[PDB]
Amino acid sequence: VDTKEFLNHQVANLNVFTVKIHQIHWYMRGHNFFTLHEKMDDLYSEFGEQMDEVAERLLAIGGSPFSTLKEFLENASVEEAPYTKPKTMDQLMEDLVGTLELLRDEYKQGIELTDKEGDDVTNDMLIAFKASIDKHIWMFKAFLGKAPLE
């Protein structure tokens, strides 16, 4: 697996993720609704920007980003489920935290990979994104009454 395949894989991942953030944003209920609803708006913007930047980096290294929902589903390792049963706020936030941890570890693989391949720019980009992702994992786990690595 090389840099282009990793960035394209993350394009698929991030599209599935922003749709998931919309799902939480729309279906959440409970006493933390206002704060976590606005917060999901913030996350949607942030990872939409991550997605645009990953696609633009892929383009800049001569790659071709996935650009259809078909390709995003076919290639993403992030998972999604239709919202049938009502979920508690904690359950939605655990789904979010799980996806954030997936994206963190996959980005770690991308950082190591781009280091071996000598792609310093992509490396730096992935590191910055991971920094934000770690911050979120800490904050949302704090919401869940848990330690970041718990």
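The first residue of the sequence shown is number 1, and the count goes up from there.
ask   = 108-116 versus 36-44: which one carries the higher mean Cα B factor per the record?
value = The recorded data point to 108-116.
query = So 45-53 or 89-97, which one's hotter by mean CA B-factor in the entry?
reply = Mean CA B-factor is higher for 89-97.
task = Tell me, lowest, middle or highest third: where does the Cα B factor of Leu103 rank within its chain?
result = Tercile = middle for this residue's CA B-factor.
message = Lowest, middle or highest third: which one holds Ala128 when the chain's residues are ordered by CA B-factor from the entry?
response = CA B-factor rank for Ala128: lowest third.
ask   = Lowest, middle or highest third of the chain for the C-alpha temperature factor of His22?
value = CA B-factor rank for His22: lowest third.
message = For the chain shown, is the CA B-factor of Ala12 in the lowest, middle or highest third of its modelled residues?
response = Middle third.
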